[PDB]
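Source file: upload-v4.txt. Holds: compact mmCIF, C-alpha atoms and all ligand atoms.
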# COMPACT_ATOMS: atom_id res chain seq x y z
CA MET A 2 -1.55 -24.18 31.86
CA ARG A 3 1.37 -21.75 31.76
CA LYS A 4 3.23 -23.98 29.27
CA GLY A 5 0.11 -24.01 27.09
CA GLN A 6 -0.42 -20.26 27.20
CA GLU A 7 3.24 -19.56 26.42
CA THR A 8 3.49 -22.17 23.68
CA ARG A 9 0.34 -20.70 22.10
CA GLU A 10 1.95 -17.26 22.44
CA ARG A 11 5.18 -18.31 20.67
CA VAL A 12 3.20 -20.08 17.90
CA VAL A 13 1.00 -17.02 17.24
CA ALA A 14 4.04 -14.70 17.51
CA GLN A 15 6.17 -16.67 15.04
CA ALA A 16 3.17 -17.25 12.74
CA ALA A 17 2.48 -13.51 12.62
CA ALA A 18 6.14 -12.74 11.69
CA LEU A 19 6.12 -15.30 8.85
CA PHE A 20 2.62 -14.39 7.63
CA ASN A 21 3.64 -10.73 7.63
CA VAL A 22 6.44 -11.52 5.15
CA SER A 23 5.00 -14.30 2.93
CA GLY A 24 1.28 -13.87 3.30
CA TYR A 25 -1.32 -16.28 4.59
CA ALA A 26 -1.58 -18.41 1.42
CA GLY A 27 2.21 -18.26 0.86
CA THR A 28 3.32 -19.20 4.35
CA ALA A 29 3.32 -22.96 4.46
CA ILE A 30 2.06 -24.47 7.68
CA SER A 31 5.22 -26.67 7.55
CA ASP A 32 7.48 -23.55 7.88
CA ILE A 33 5.53 -22.32 10.90
CA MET A 34 5.73 -25.92 12.15
CA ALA A 35 9.50 -25.67 11.51
CA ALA A 36 9.80 -22.23 13.23
CA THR A 37 8.08 -23.55 16.40
CA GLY A 38 9.59 -27.07 16.81
CA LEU A 39 6.34 -28.72 15.72
CA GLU A 40 7.74 -30.28 12.53
CA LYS A 41 6.76 -33.79 13.74
CA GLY A 42 3.15 -32.76 14.61
CA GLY A 43 1.19 -30.85 17.29
CA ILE A 44 0.48 -27.30 16.01
CA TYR A 45 -3.16 -28.40 15.94
CA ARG A 46 -3.08 -28.96 19.71
CA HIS A 47 -3.51 -25.17 19.96
CA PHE A 48 -5.41 -24.28 16.75
CA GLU A 49 -8.09 -26.21 14.84
CA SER A 50 -6.80 -25.07 11.46
CA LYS A 51 -4.33 -22.89 9.61
CA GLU A 52 -7.22 -20.41 9.10
CA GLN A 53 -7.82 -20.10 12.85
CA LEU A 54 -4.08 -19.59 13.38
CA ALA A 55 -4.11 -16.87 10.68
CA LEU A 56 -6.86 -14.99 12.52
CA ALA A 57 -5.06 -15.35 15.89
CA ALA A 58 -1.83 -14.21 14.24
CA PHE A 59 -3.43 -11.17 12.70
CA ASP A 60 -4.90 -10.32 16.16
CA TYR A 61 -1.42 -10.57 17.63
CA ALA A 62 -0.06 -8.30 14.88
CA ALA A 63 -2.91 -5.79 15.48
CA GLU A 64 -2.10 -5.73 19.20
CA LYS A 65 1.53 -4.84 18.41
CA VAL A 66 0.31 -2.01 16.19
CA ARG A 67 -2.06 -0.83 18.88
CA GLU A 68 0.78 -0.77 21.48
CA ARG A 69 2.99 1.22 19.08
CA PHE A 70 0.29 3.88 18.73
CA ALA A 71 -0.61 3.93 22.44
CA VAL A 72 3.07 4.58 23.35
CA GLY A 73 3.59 7.07 20.50
CA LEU A 74 0.58 9.23 21.38
CA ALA A 75 1.05 9.25 25.17
CA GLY A 76 2.17 12.40 26.96
CA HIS A 77 1.38 15.09 24.38
CA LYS A 78 -1.00 17.73 25.59
CA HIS A 79 -1.95 19.68 22.43
CA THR A 80 -4.25 17.80 20.06
CA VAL A 81 -2.23 18.79 16.95
CA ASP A 82 0.97 17.54 18.58
CA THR A 83 -0.83 14.23 19.24
CA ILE A 84 -1.98 13.99 15.60
CA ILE A 85 1.59 14.66 14.46
CA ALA A 86 2.72 11.94 16.90
CA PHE A 87 0.40 9.55 15.01
CA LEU A 88 2.26 10.44 11.79
CA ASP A 89 5.57 9.87 13.56
CA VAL A 90 4.58 6.29 14.49
CA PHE A 91 4.26 5.43 10.81
CA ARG A 92 7.42 7.41 10.02
CA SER A 93 9.34 5.19 12.43
CA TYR A 94 8.31 2.06 10.47
CA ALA A 95 11.07 2.61 7.89
CA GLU A 96 13.59 0.77 10.07
CA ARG A 97 11.31 -0.30 12.89
CA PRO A 98 8.07 -1.82 11.60
CA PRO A 99 5.52 -3.18 14.09
CA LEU A 100 6.85 -6.61 13.26
CA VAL A 101 9.23 -8.01 10.69
CA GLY A 102 7.97 -7.48 7.12
CA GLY A 103 6.30 -4.07 7.64
CA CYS A 104 2.81 -2.90 8.58
CA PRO A 105 0.47 -5.90 8.99
CA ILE A 106 -2.59 -3.73 8.36
CA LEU A 107 -1.28 -2.67 4.91
CA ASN A 108 0.06 -6.18 4.20
CA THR A 109 -3.14 -7.97 5.13
CA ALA A 110 -5.25 -5.37 3.31
CA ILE A 111 -3.61 -6.25 -0.03
CA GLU A 112 -4.07 -9.98 0.45
CA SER A 113 -7.54 -10.08 1.96
CA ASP A 114 -9.37 -7.36 0.01
CA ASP A 115 -10.29 -9.74 -2.79
CA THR A 116 -9.84 -13.09 -1.04
CA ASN A 117 -10.97 -13.23 2.63
CA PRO A 118 -13.97 -11.65 4.33
CA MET A 119 -12.89 -12.31 7.92
CA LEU A 120 -9.40 -10.84 7.47
CA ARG A 121 -10.95 -7.89 5.53
CA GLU A 122 -13.18 -7.16 8.50
CA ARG A 123 -10.33 -7.37 10.99
CA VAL A 124 -8.26 -4.98 8.83
CA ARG A 125 -11.21 -2.60 8.54
CA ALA A 126 -11.71 -2.68 12.32
CA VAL A 127 -8.13 -1.48 12.88
CA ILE A 128 -8.47 1.22 10.24
CA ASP A 129 -11.70 2.29 11.99
CA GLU A 130 -9.85 2.47 15.39
CA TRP A 131 -7.42 4.90 13.70
CA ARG A 132 -10.25 6.94 12.22
CA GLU A 133 -11.94 7.08 15.60
CA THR A 134 -8.70 8.21 17.26
CA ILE A 135 -8.19 11.07 14.79
CA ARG A 136 -11.90 12.02 14.91
CA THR A 137 -11.74 12.28 18.68
CA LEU A 138 -8.55 14.39 18.57
CA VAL A 139 -10.02 16.74 16.00
CA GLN A 140 -13.29 17.11 18.04
CA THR A 141 -11.43 17.81 21.28
CA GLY A 142 -9.07 20.21 19.50
CA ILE A 143 -11.97 22.09 17.97
CA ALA A 144 -13.60 22.34 21.41
CA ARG A 145 -10.34 23.70 22.96
CA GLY A 146 -9.63 26.24 20.18
CA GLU A 147 -6.57 24.20 19.04
CA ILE A 148 -8.03 23.11 15.73
CA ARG A 149 -10.03 25.03 13.13
CA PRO A 150 -13.82 24.36 13.37
CA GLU A 151 -14.23 23.78 9.67
CA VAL A 152 -11.83 20.73 9.73
CA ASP A 153 -13.46 17.52 8.35
CA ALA A 154 -12.16 14.97 10.85
CA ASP A 155 -12.76 11.79 8.88
CA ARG A 156 -11.44 13.27 5.64
CA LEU A 157 -8.26 14.17 7.56
CA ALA A 158 -8.05 10.65 9.05
CA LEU A 159 -8.42 9.02 5.58
CA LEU A 160 -5.75 11.35 4.10
CA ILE A 161 -3.26 10.57 6.94
CA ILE A 162 -3.84 6.81 6.69
CA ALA A 163 -3.55 6.74 2.86
CA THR A 164 -0.42 8.89 2.76
CA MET A 165 1.48 7.20 5.54
CA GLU A 166 0.61 3.65 4.43
CA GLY A 167 1.50 4.37 0.82
CA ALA A 168 4.84 5.73 2.08
CA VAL A 169 5.37 2.56 4.14
CA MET A 170 4.87 0.60 0.89
CA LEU A 171 7.35 2.81 -0.95
CA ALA A 172 10.00 2.72 1.80
CA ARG A 173 10.27 -1.10 1.70
CA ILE A 174 10.42 -1.21 -2.09
CA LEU A 175 12.89 1.59 -2.50
CA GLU A 176 14.78 0.35 0.61
CA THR A 177 15.14 3.85 1.95
CA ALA A 178 13.33 5.89 4.63
CA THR A 179 12.93 8.92 2.37
CA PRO A 180 9.29 8.37 1.27
CA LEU A 181 8.22 8.18 4.93
CA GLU A 182 10.24 11.28 5.80
CA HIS A 183 8.62 13.21 2.97
CA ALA A 184 5.10 12.01 3.71
CA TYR A 185 5.59 12.93 7.39
CA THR A 186 6.93 16.40 6.60
CA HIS A 187 4.19 17.09 4.11
CA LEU A 188 1.34 16.15 6.47
CA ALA A 189 2.91 17.76 9.55
CA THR A 190 3.30 21.00 7.59
CA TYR A 191 -0.19 20.72 6.12
CA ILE A 192 -1.72 20.14 9.56
CA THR A 193 0.21 22.96 11.19
CA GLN A 194 -0.67 25.32 8.39
CA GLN A 195 -4.27 24.38 7.58
CA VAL A 196 -5.68 22.41 10.58
CA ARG A 197 -4.10 23.95 13.65
CA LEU A 198 -5.71 27.05 15.17
CA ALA A 199 -3.94 28.09 18.41
CA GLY B 1 3.46 -21.91 -35.87
CA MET B 2 5.84 -19.57 -34.03
CA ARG B 3 3.24 -16.85 -34.48
CA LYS B 4 0.60 -19.07 -32.84
CA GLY B 5 3.10 -19.77 -29.98
CA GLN B 6 3.78 -16.06 -29.45
CA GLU B 7 -0.03 -15.50 -29.23
CA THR B 8 -0.51 -18.40 -26.83
CA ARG B 9 2.22 -16.91 -24.53
CA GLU B 10 0.49 -13.49 -24.58
CA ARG B 11 -2.81 -15.09 -23.53
CA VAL B 12 -1.27 -17.12 -20.72
CA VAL B 13 0.69 -14.15 -19.34
CA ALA B 14 -2.47 -11.97 -19.42
CA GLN B 15 -4.54 -14.58 -17.55
CA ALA B 16 -1.74 -15.33 -15.05
CA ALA B 17 -1.46 -11.60 -14.31
CA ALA B 18 -5.13 -11.30 -13.41
CA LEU B 19 -5.00 -14.28 -11.08
CA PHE B 20 -1.75 -13.18 -9.39
CA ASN B 21 -3.17 -9.69 -8.87
CA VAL B 22 -5.95 -11.10 -6.68
CA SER B 23 -4.52 -14.16 -4.94
CA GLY B 24 -0.85 -13.30 -5.12
CA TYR B 25 2.06 -15.24 -6.57
CA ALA B 26 2.35 -17.88 -3.80
CA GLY B 27 -1.45 -18.15 -3.52
CA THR B 28 -2.11 -18.75 -7.25
CA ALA B 29 -1.60 -22.48 -8.07
CA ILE B 30 -0.77 -23.68 -11.54
CA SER B 31 -4.18 -25.45 -11.62
CA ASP B 32 -5.85 -21.97 -11.39
CA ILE B 33 -3.77 -20.75 -14.34
CA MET B 34 -4.80 -23.97 -16.22
CA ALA B 35 -8.53 -23.28 -15.55
CA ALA B 36 -8.30 -19.63 -16.68
CA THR B 37 -6.35 -20.36 -19.91
CA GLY B 38 -8.09 -23.64 -20.69
CA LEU B 39 -4.64 -25.20 -21.07
CA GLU B 40 -3.04 -28.33 -19.66
CA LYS B 41 0.04 -27.90 -17.46
CA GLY B 42 2.30 -29.05 -20.33
CA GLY B 43 0.74 -26.45 -22.63
CA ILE B 44 1.78 -23.70 -20.22
CA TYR B 45 5.31 -24.96 -19.58
CA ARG B 46 5.99 -25.49 -23.26
CA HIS B 47 6.07 -21.64 -23.23
CA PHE B 48 7.53 -20.96 -19.75
CA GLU B 49 10.26 -22.82 -18.04
CA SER B 50 8.70 -22.43 -14.60
CA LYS B 51 6.02 -20.73 -12.53
CA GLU B 52 8.71 -18.19 -11.55
CA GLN B 53 9.45 -17.17 -15.15
CA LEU B 54 5.70 -17.02 -15.82
CA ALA B 55 5.23 -14.78 -12.77
CA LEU B 56 7.93 -12.40 -14.12
CA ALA B 57 6.36 -12.30 -17.55
CA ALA B 58 2.91 -11.76 -15.94
CA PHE B 59 4.27 -8.77 -13.99
CA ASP B 60 5.98 -7.27 -17.09
CA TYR B 61 2.54 -7.50 -18.68
CA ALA B 62 0.83 -5.82 -15.75
CA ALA B 63 3.57 -3.14 -15.82
CA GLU B 64 2.99 -2.48 -19.55
CA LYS B 65 -0.74 -2.22 -18.99
CA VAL B 66 -0.35 0.35 -16.19
CA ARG B 67 2.09 2.22 -18.51
CA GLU B 68 -0.51 2.39 -21.38
CA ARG B 69 -3.14 3.68 -18.95
CA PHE B 70 -0.85 6.53 -17.73
CA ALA B 71 0.18 7.24 -21.29
CA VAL B 72 -3.43 7.90 -22.40
CA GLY B 73 -4.27 9.73 -19.15
CA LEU B 74 -1.34 12.15 -19.44
CA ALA B 75 -1.47 12.80 -23.16
CA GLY B 76 -2.39 16.17 -24.58
CA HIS B 77 -2.52 18.62 -21.67
CA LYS B 78 -1.61 22.28 -22.32
CA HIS B 79 0.01 23.02 -18.89
CA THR B 80 2.45 20.94 -16.86
CA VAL B 81 0.34 21.24 -13.74
CA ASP B 82 -2.68 19.89 -15.64
CA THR B 83 -0.50 16.96 -16.63
CA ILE B 84 0.63 16.31 -13.06
CA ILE B 85 -2.99 16.46 -11.81
CA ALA B 86 -3.98 14.01 -14.63
CA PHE B 87 -1.47 11.58 -13.06
CA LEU B 88 -3.56 11.82 -9.86
CA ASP B 89 -6.70 11.39 -11.95
CA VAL B 90 -5.43 8.08 -13.36
CA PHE B 91 -5.16 6.74 -9.78
CA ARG B 92 -8.54 8.19 -8.87
CA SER B 93 -10.09 6.30 -11.81
CA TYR B 94 -8.98 3.00 -10.20
CA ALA B 95 -12.02 3.35 -7.86
CA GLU B 96 -14.32 1.81 -10.48
CA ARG B 97 -11.72 0.50 -13.00
CA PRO B 98 -8.35 -0.75 -11.71
CA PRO B 99 -5.56 -1.44 -14.27
CA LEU B 100 -6.59 -5.05 -14.02
CA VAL B 101 -8.93 -7.14 -11.84
CA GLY B 102 -7.86 -6.95 -8.18
CA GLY B 103 -6.41 -3.42 -8.01
CA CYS B 104 -3.03 -1.81 -8.70
CA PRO B 105 -0.51 -4.54 -9.61
CA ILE B 106 2.39 -2.29 -8.61
CA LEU B 107 0.97 -1.89 -5.08
CA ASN B 108 -0.13 -5.50 -4.87
CA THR B 109 3.24 -6.90 -6.10
CA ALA B 110 5.12 -4.49 -3.81
CA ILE B 111 3.55 -5.90 -0.66
CA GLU B 112 4.26 -9.52 -1.67
CA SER B 113 7.73 -9.09 -3.18
CA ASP B 114 9.34 -6.50 -0.95
CA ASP B 115 10.69 -9.13 1.57
CA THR B 116 10.41 -12.26 -0.56
CA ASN B 117 11.51 -11.78 -4.17
CA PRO B 118 14.44 -9.63 -5.31
CA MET B 119 13.52 -9.94 -9.02
CA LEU B 120 9.90 -8.83 -8.62
CA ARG B 121 11.02 -6.12 -6.16
CA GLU B 122 13.43 -4.78 -8.78
CA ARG B 123 10.65 -4.76 -11.38
CA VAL B 124 8.28 -2.93 -9.01
CA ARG B 125 11.08 -0.44 -8.26
CA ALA B 126 11.62 0.11 -11.99
CA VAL B 127 7.92 1.06 -12.39
CA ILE B 128 8.03 3.45 -9.42
CA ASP B 129 11.22 4.95 -10.95
CA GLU B 130 9.40 5.52 -14.28
CA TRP B 131 6.65 7.44 -12.42
CA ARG B 132 9.29 9.46 -10.57
CA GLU B 133 11.11 10.26 -13.85
CA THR B 134 7.73 11.29 -15.44
CA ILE B 135 6.91 13.67 -12.63
CA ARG B 136 10.52 15.06 -12.51
CA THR B 137 10.42 15.77 -16.26
CA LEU B 138 7.13 17.61 -15.89
CA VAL B 139 8.35 19.63 -12.95
CA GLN B 140 11.53 20.77 -14.76
CA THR B 141 9.47 21.55 -17.87
CA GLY B 142 7.04 23.61 -15.77
CA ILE B 143 9.88 25.45 -14.08
CA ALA B 144 11.37 26.28 -17.49
CA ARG B 145 7.95 27.59 -18.61
CA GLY B 146 7.24 29.66 -15.49
CA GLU B 147 4.33 27.32 -14.71
CA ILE B 148 5.92 25.74 -11.63
CA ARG B 149 7.81 27.45 -8.78
CA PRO B 150 11.57 26.93 -9.18
CA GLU B 151 11.88 25.90 -5.52
CA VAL B 152 9.76 22.78 -6.07
CA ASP B 153 11.67 19.57 -5.33
CA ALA B 154 10.48 17.24 -8.11
CA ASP B 155 11.35 13.92 -6.56
CA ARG B 156 9.86 14.94 -3.17
CA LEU B 157 6.62 15.78 -4.99
CA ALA B 158 6.75 12.51 -6.96
CA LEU B 159 7.20 10.34 -3.94
CA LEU B 160 4.45 12.23 -2.03
CA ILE B 161 2.04 11.79 -4.95
CA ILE B 162 2.85 8.07 -5.37
CA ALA B 163 2.60 7.34 -1.63
CA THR B 164 -0.69 9.22 -1.30
CA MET B 165 -2.42 7.79 -4.33
CA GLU B 166 -1.27 4.19 -3.76
CA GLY B 167 -2.28 4.37 -0.05
CA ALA B 168 -5.68 5.64 -1.17
CA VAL B 169 -5.98 2.72 -3.68
CA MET B 170 -5.35 0.38 -0.71
CA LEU B 171 -7.90 2.19 1.52
CA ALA B 172 -10.59 2.49 -1.15
CA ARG B 173 -10.48 -1.25 -1.79
CA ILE B 174 -10.48 -2.30 1.84
CA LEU B 175 -13.21 0.23 2.90
CA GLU B 176 -15.25 -0.56 -0.31
CA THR B 177 -15.72 3.10 -1.09
CA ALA B 178 -14.24 5.62 -3.56
CA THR B 179 -14.03 8.23 -0.82
CA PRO B 180 -10.33 7.77 0.08
CA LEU B 181 -9.28 8.17 -3.57
CA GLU B 182 -11.53 11.23 -3.99
CA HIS B 183 -10.09 12.84 -0.87
CA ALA B 184 -6.46 12.06 -1.83
CA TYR B 185 -7.02 13.40 -5.32
CA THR B 186 -8.64 16.64 -4.04
CA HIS B 187 -6.00 17.17 -1.39
CA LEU B 188 -3.10 16.84 -3.83
CA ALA B 189 -4.74 18.72 -6.70
CA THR B 190 -5.47 21.57 -4.31
CA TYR B 191 -1.96 21.47 -2.80
CA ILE B 192 -0.33 21.43 -6.26
CA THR B 193 -2.57 24.20 -7.61
CA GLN B 194 -2.03 26.40 -4.53
CA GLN B 195 1.65 25.79 -3.74
CA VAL B 196 3.42 24.26 -6.76
CA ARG B 197 1.76 26.12 -9.64
CA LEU B 198 3.22 29.55 -10.30
CA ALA B 199 1.25 30.73 -13.33
MG MG A 201 -5.70 -7.72 -3.08
MG MG A 202 5.72 -7.76 2.09
Represent the supplied structure as structure tokens.
Amino acid sequence: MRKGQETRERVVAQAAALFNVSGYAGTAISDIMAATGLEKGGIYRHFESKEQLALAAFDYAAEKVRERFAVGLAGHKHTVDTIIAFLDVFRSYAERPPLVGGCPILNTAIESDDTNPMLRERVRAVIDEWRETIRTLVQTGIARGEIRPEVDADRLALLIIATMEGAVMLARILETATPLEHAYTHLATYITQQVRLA
Amino acid sequence: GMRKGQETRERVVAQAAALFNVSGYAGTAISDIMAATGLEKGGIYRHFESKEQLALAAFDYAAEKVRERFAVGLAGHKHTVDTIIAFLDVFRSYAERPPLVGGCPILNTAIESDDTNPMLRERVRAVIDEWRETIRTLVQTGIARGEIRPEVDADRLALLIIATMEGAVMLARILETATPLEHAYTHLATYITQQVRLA
């Protein structure tokens, strides 16, 4: 049972890394078979299909993202500092993405938006976790006098997500961290100047 | 004739581009390109040596289309800030009318090519560098005219604008709502008008 659970874990883990780089359609099952020692058969002992593996792999990738944000946001007391910590998680993707190939939420978004309802919904669910996190921080901050009462929480969330993800895209194309540094500095300054209260 | 061949190539490249924009390069099979062009495989590869060369030509086509769209969007403004905000407005207009079916081909090709294909990556980078040069030229013009604060870092602004607007294109498509593009536009237009514009 342990062998099974660990072999499933290495299959999903390696699948997620390869999918994150070449996409679902462009990652050949044979290469995942190759990357897991299953070149002579047996990947279907753990998954019914490549599509089921894709969903499991995305869930794995989403868990890594979730862990990166949970660690990044822990320990801050002031709600604005916590929101800035959220920016810093994305900032750190320039050289340290959640897994090889960059942000799997951004990567899967581009592939699935016009091709795959189930992956679309899984991407949207993660985006919605992020919106909920920011909404809750803004609400608590407003209540504590740390954030201005007029701040539109979801508008702020959508701006942060768009800016940081677009910068993640740019940083891997331009092969430099500078877009992420600039996007971070812009939003941190904006937040401190226009969102923060005390 | 050679004229007919040049036209046939144009048609194939245009159809390939639309398919690749949706399903990607690896996910678009030659049989899909056949169906969309009404051509047999041999009819396509008479004009292209390979799927790879076709993919490159299809991107160059997508790049030119994006270029035309910015060209019309940016033409004729009387103030450099108006011109920079019109660059945002081009992206905002993607909400209902992307440059081609399936969204921004620069964004879409970036995500696929960045860790897979040096030649497409270089082409994507060249497009991003054109946008950066456009915005830098406008910023230096505006500074010369007293329209833009001299302290404005042009390339910092360019990369912020591109990151924001492209991230919003991604979000608007995945959330199935224009709202992220509208918010991004408003945020940047307001920021530029309040902090970049001098007079
Ligand atoms: Mg797409
Ligand atoms: Mg990629």
Residues contacting ligand MG 201 (chain A) - anything with an atom at most 7 Å away, using all atoms listed in the file - can you give me those as a ChimeraX atom specification? /A:110-115 /B:21-23,102-103,108
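Coordinates place CA of residue 80 in chain B at a distance of 5.4 Å from CA of residue 142 in chain B.
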Enumerate, in order of chain and increasing residue number, the residues of chain A with an atom no farther than 10 Å from ligand MG 202 (chain A), each with its shortest atom pair and distance in Å to one decimal, counting all atoms listed in the file, as a tab-separated table.
residue	atom	partner	partner_atom	distance
A:20	CA	A:MG202	MG	9.2
A:21	CA	A:MG202	MG	6.6
A:22	CA	A:MG202	MG	4.9
A:23	CA	A:MG202	MG	6.6
A:24	CA	A:MG202	MG	7.6
A:101	CA	A:MG202	MG	9.3
A:102	CA	A:MG202	MG	5.5
A:103	CA	A:MG202	MG	6.7
A:104	CA	A:MG202	MG	8.6
A:105	CA	A:MG202	MG	8.9
A:107	CA	A:MG202	MG	9.1
A:108	CA	A:MG202	MG	6.2
A:109	CA	A:MG202	MG	9.4
A:111	CA	A:MG202	MG	9.7
A:170	CA	A:MG202	MG	8.5
A:173	CA	A:MG202	MG	8.1
A:174	CA	A:MG202	MG	9.1
Residues of chain B near chain A: apply a cut-off of 7 Å, count all atoms listed in the file, and supply the list as a PyMOL selection string. chain B and resi 22-23+26-27+102+108+110-112+114-116+121+125+156+159-160+163-164+166-168+170-171+173-175+180+183-184
Here's a test: counting all atoms listed in the file, identify every protein, DNA and RNA residue with an atom at most 12 Å from (10.1, -2.2, -13.4) in the file's coordinate frame, and state them as a short mmCIF file (atom, residue, chain, number, x, y, z; two decimals) with C-alpha atoms, keeping the file's coordinate frame.
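See point-v4.cif below for the written result:
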data_model
loop_
_atom_site.label_atom_id
_atom_site.label_comp_id
_atom_site.auth_asym_id
_atom_site.auth_seq_id
_atom_site.Cartn_x
_atom_site.Cartn_y
_atom_site.Cartn_z
CA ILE A 174 10.42 -1.21 -2.09
CA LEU A 175 12.89 1.59 -2.50
CA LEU B 56 7.93 -12.40 -14.12
CA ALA B 57 6.36 -12.30 -17.55
CA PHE B 59 4.27 -8.77 -13.99
CA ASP B 60 5.98 -7.27 -17.09
CA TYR B 61 2.54 -7.50 -18.68
CA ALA B 62 0.83 -5.82 -15.75
CA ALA B 63 3.57 -3.14 -15.82
CA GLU B 64 2.99 -2.48 -19.55
CA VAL B 66 -0.35 0.35 -16.19
CA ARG B 67 2.09 2.22 -18.51
CA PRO B 105 -0.51 -4.54 -9.61
CA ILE B 106 2.39 -2.29 -8.61
CA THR B 109 3.24 -6.90 -6.10
CA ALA B 110 5.12 -4.49 -3.81
CA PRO B 118 14.44 -9.63 -5.31
CA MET B 119 13.52 -9.94 -9.02
CA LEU B 120 9.90 -8.83 -8.62
CA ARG B 121 11.02 -6.12 -6.16
CA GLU B 122 13.43 -4.78 -8.78
CA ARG B 123 10.65 -4.76 -11.38
CA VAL B 124 8.28 -2.93 -9.01
CA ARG B 125 11.08 -0.44 -8.26
CA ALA B 126 11.62 0.11 -11.99
CA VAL B 127 7.92 1.06 -12.39
CA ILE B 128 8.03 3.45 -9.42
CA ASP B 129 11.22 4.95 -10.95
CA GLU B 130 9.40 5.52 -14.28
CA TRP B 131 6.65 7.44 -12.42
#
8 Å contact set for residue 79 in chain A, all atoms listed in the file, chain neighbours under 3 positions out, as a PDB file with C-alpha atoms, in the coordinates of the input:
ATOM      1  CA  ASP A  82       0.970  17.540  18.580  1.00  0.00           C
ATOM      2  CA  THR A  83      -0.830  14.230  19.240  1.00  0.00           C
ATOM      3  CA  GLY A 142      -9.070  20.210  19.500  1.00  0.00           C
ATOM      4  CA  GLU A 147      -6.570  24.200  19.040  1.00  0.00           C
TER       5      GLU A 147
END
Go ahead and fit an axis-aligned box to every listed atom of range 35-49 of chain B plus 5 Å each side, and pass me the centre and edge lengths in Å, one decimal, as JSON.
{"center_x": 0.9, "center_y": -24.3, "center_z": -19.4, "size_x": 28.8, "size_y": 19.4, "size_z": 17.7}
At what distance in Å, to one decimal, does CA of residue 101 in chain B lie from CA of residue 77 in chain B? 28.3 Å
Given only C-alpha atoms as the counted atoms, nearest of B:188, B:13, B:199, B:138 to residue 83 in chain B: B:138
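Between residue 31 in chain B and the candidates B:3, B:46, B:149, B:51, the tightest atom-to-atom separation, counting all atoms listed in the file, involves B:51.
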Please provide the set of residues having any atom within 9 Å of residue 43 in chain B, restricted to all atoms listed in the file, with same-chain residues fewer than 4 positions apart removed, written as a PyMOL selection string. chain B and resi 34+39+47
Who sits within 12 Å of residue 82 in chain B, only C-alpha atoms, same chain under 2 positions skipped, as a VMD selection string: chain B and resid 73 to 80 84 to 89 135 138 to 139 142 147 to 148 189 to 190 192 to 193 196 to 197 199
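CA of residue 106 in chain A sits 27.6 Å away from CA of residue 78 in chain A.
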Would you save range 141-157 of chain A to a file, keeping C-alpha atoms, as a short mmCIF file (atom, residue, chain, number, x, y, z; two decimals), in the first residue's frame?
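Contents of result29.cif, as written:
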data_model
loop_
_atom_site.label_atom_id
_atom_site.label_comp_id
_atom_site.auth_asym_id
_atom_site.auth_seq_id
_atom_site.Cartn_x
_atom_site.Cartn_y
_atom_site.Cartn_z
CA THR A 141 -10.02 42.42 8.52
CA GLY A 142 -7.73 45.38 7.79
CA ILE A 143 -10.69 47.69 7.35
CA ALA A 144 -12.12 46.45 10.66
CA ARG A 145 -8.78 47.08 12.45
CA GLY A 146 -8.19 50.56 10.96
CA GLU A 147 -5.22 49.23 8.91
CA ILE A 148 -6.87 49.60 5.53
CA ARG A 149 -8.98 52.41 4.09
CA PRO A 150 -12.76 51.65 4.22
CA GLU A 151 -13.38 52.66 0.65
CA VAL A 152 -11.02 49.90 -0.70
CA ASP A 153 -12.75 47.54 -3.21
CA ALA A 154 -11.33 44.20 -2.08
CA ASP A 155 -12.08 42.13 -5.17
CA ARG A 156 -10.92 44.84 -7.55
CA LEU A 157 -7.63 44.90 -5.61
#
